[PDB]
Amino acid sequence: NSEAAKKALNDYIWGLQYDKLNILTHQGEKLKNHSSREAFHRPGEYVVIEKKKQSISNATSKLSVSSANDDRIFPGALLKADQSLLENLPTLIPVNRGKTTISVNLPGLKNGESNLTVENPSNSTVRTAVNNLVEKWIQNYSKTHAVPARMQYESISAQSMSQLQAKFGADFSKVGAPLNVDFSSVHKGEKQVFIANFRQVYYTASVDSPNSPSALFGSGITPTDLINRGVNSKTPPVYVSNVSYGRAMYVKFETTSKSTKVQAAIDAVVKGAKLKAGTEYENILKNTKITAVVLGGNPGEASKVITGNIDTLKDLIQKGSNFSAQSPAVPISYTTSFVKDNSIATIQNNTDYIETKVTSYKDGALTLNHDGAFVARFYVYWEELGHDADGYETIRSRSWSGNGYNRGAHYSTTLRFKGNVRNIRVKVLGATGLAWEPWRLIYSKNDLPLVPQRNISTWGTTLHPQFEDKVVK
């Protein structure tokens, strides 16, 4: 009678065949291979705006709550695994539901205080019940139990709107729009832009895995009811298994520096290494323009854009680092699981894009010192990137003017290289003052890095030739 209706639902859902870790895959642009560059001279450096084709392959289960999706996102909600979820605006399935057991992980809660049962789950019933649990928790436990955020952190180099959407979700186009990412500034090679998603999580409402597909729906629901509702193997059913509450922000970083490690620099701030002393990460973030849209803090803030420097961030991070407990926090991320096997669903976005790396190889110098009581002979070679009339890049093989002259005891000299030099090759020959062969490879080294200042010295005796290859920078 009832057993029969449930069973019929159970098998129908259990019956569905689909590629779990695949139907939730979005493909963006695909690009033809491409690798080009542009290099030029500017005092003290040779600059190279290099453009390559790259691909990003992003996989997430922790989906982000937005004002557009807000009303469909609540623990236990029935959605389809279709194009709408791929775009992060999932459609709820129009069907009577069954009891939903929900569990909130606020600390202090004991006995069955942490567990809720909602009769006819709707965005309304479930949110009321959840918040009412959170209102109880505040009055009773907030003064005695602290709630420090758990911080989810993702960041990336802004290259393309389509790449940002793979990393942050199709959503990102609108949610992030207030940040106005100037993509030409990256492509023109002037700026280096970054984007970070911060999710500061105070608490989560996790739904208990139901005893069977049947339990998610109302009594009297039928495989036919779901066939008609388009709940099938093309577009199988999922449920919101978790909803995380707190405060989240999207942040844009704008350097003019052309450094490598900016990402690791930003990563360093976030990650506990607060005020890194010395000199490296410090002297990069010093000149960074922080722009942040926040979500959770107040009601009416997806508006209020925040501007400042690296410090204006750390203060935004610390302001949300703990749960103030004035009132229930707002949803900021959720998870779906397939009804069939309760497995967390993963959204995957792949796309192709044009990366723009800007690089600077600075002027450097090479000091050769001979101090030994034997007859030395230096040999230095390298190549020189230039351009022709038509604009294409040229390679000129060059050698030192001092190649193979005999050097005496007090010798010294400095060859200065501009940034467009590469393949630096040093050979040194000392005299063994004998008949059958008179020179020996004292020191050879190919592909020498163009460091600001390198000393290659010599000394000792005709038997034991000494030498040192040291950087001074």
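Sequential numbering from 1, following the sequence displayed.
Requested in this report: Identify the stretch, either 330-338 or 353-361, whose C-alpha atoms have the larger mean B-factor according to the entry.
Outcome: Averaged over C-alpha atoms, the B-factors run higher in 353-361.
Query raised in the report: Can you tell me which stretch has the higher mean Cα B-factor, 274-282 or 92-100?
Result: According to the PDB entry, the answer is 274-282.
Query raised in the report: Highest CA temperature factor in the entry: which of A292, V126, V243, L85?
Result: Most elevated C-alpha B-factor of the set, per the entry: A292.
Query raised in the report: Which has the highest CA B-factor per the PDB entry: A205, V269, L78, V201?
Result: Of the candidates given, the C-alpha B-factor peaks at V269.
Query raised in the report: Taking the C-alpha B-factors as the PDB entry records them, is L179 in the lowest, middle or highest third of its chain?
Result: Its C-alpha B-factor belongs to the highest third of this chain's values.
Query raised in the report: Looking at the C-alpha B-factor of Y443, is it in the lowest, middle or highest third of its chain?
Result: It belongs to the highest third of the chain when residues are ordered by C-alpha B-factor.
Requested in this report: Taking the chain's C-alpha temperature factors as the reference, tell me which third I13 falls into: lowest, middle or highest.
Outcome: Ranked within chain, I13 CA B lands in the lowest tercile.
Report task. Could you say whether, by C-alpha temperature factor, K136 belongs to the lowest, middle or highest third of its chain? Result -> Lowest third - that is where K136 ends up once the chain's C-alpha B-factors are sorted.
Query raised in the report: Which third of the chain does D390 land in by C-alpha B-factor: lowest, middle or highest?
Result: Ranked within chain, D390 CA B lands in the highest tercile.
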